[PDB]
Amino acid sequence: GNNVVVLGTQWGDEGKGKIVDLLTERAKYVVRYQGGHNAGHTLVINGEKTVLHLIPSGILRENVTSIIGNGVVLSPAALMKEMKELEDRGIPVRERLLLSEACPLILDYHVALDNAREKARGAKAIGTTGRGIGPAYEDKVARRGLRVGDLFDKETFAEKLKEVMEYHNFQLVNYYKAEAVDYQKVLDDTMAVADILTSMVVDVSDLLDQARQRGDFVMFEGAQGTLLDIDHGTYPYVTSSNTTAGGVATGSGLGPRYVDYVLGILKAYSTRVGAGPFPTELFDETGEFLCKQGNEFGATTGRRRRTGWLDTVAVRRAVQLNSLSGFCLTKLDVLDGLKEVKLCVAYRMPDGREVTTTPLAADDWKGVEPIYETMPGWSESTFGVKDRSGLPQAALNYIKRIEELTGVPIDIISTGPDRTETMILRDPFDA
């Protein structure tokens, strides 16, 4: 197809970064449609290692154009840092990037509200940890926030900031007992970068329809994982935004019906961070293995990342929330030199029932125990394999059950952290 959606089907750490850059070679336009500065996509350019969090992945491509859409909450502060980076590293970012007028803006007071929230509410529980993504979203809904649009009219921009800034300053100092935020400084700061942003502004949903009208290849990138979707996920342990394919129409302004293909990235085993339900977690040695063999540690003060078997029951939930077209299985290599592999195919509830559908985020997940289906292992090294002819019988057998169980096939198979380590059985853009 031409409009392809890419995203992780679990809780993150699916290993999205590789496939992305991979699909970014056949796509003309690239669009971020949800969330904020927490994309987490690492790259390398000027012989130095750089990690992007805002700029889409396609900025490297010369004849590609990357767009940040209406669904992304913006932070000039974080855009100027990433640009400055690539510009220094020699990348025409200004001639390659475009943003929506409708993008909600995160300003220092928005980080302050967050910083002051967790500390207070409870510095050990999930408040929200600094970048004010939630406050930016909340101000939006309530119809008091600001957008890139506003920057066009400076006179008006100054007055509105003061109306918003006072309501927030009031609750900061008065409620939270935190130092206030100087309106003049936020003002100085944003004006200094105004004309940059304003100059990258474009009519996105028009350009997108126009792009569809002529058959250009577009790829939509979600930044976080499906099972953390503010609504549909394992609530209350969720993230600030919607993390599913359905947020694409809302996020860019394209119709529901022009979503042609939806690629769901898929790790061969599972991992989660922070508390939250995790039915197939492993407690002792295989658990250790799946971590040691897969690089499951840190990456941002990540004390440690939990691991367990592939839960088919939740993957199925993701299949339905996204109307997934096909999969992209990652890290099958970690499974090598393993006695066997289990696939979870149903749960046992605390009342004694056996159920094939994710329990409502209102029933004890801590109670559900996984009915595992065991399968023979494989000692052969899959790492690096660049065709399926070299995949063992057992490897192909594990695939089929995941396919037979989920009711969606695997079009891309990944066999290593390197580009070359991939098997494109189909490719979203020609399907």
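From 1 onward, residues are counted along the sequence shown.
Set 284 to 292 against 204 to 212 and average the Cα temperature factors; 284 to 292 ends up higher.
For the two regions 332 to 340 and 72 to 80, the entry's Cα B-factors average higher over 332 to 340. Each of 257, 144, 96, 119 has a CA temperature factor in the record; the biggest one is found at 119.
Between the residues 361, 263, 187, 106, it is 361 that shows the highest Cα B-factor in the PDB record. The PDB entry assigns residue 39 a C-alpha temperature factor belonging to the highest third of its chain's modelled residues.
Ranked against the other modelled residues of its chain, the C-alpha B-factor of residue 236 as given in the entry falls in the middle third. When all modelled residues of the chain are sorted by CA temperature factor, residue 221 is found within the lowest third. Sort the chain's modelled residues by C-alpha temperature factor and residue 64 lands in the lowest third, per the entry. Among all modelled residues in this chain, the alpha-carbon of residue 247 has a temperature factor (C-alpha) in the lowest third.
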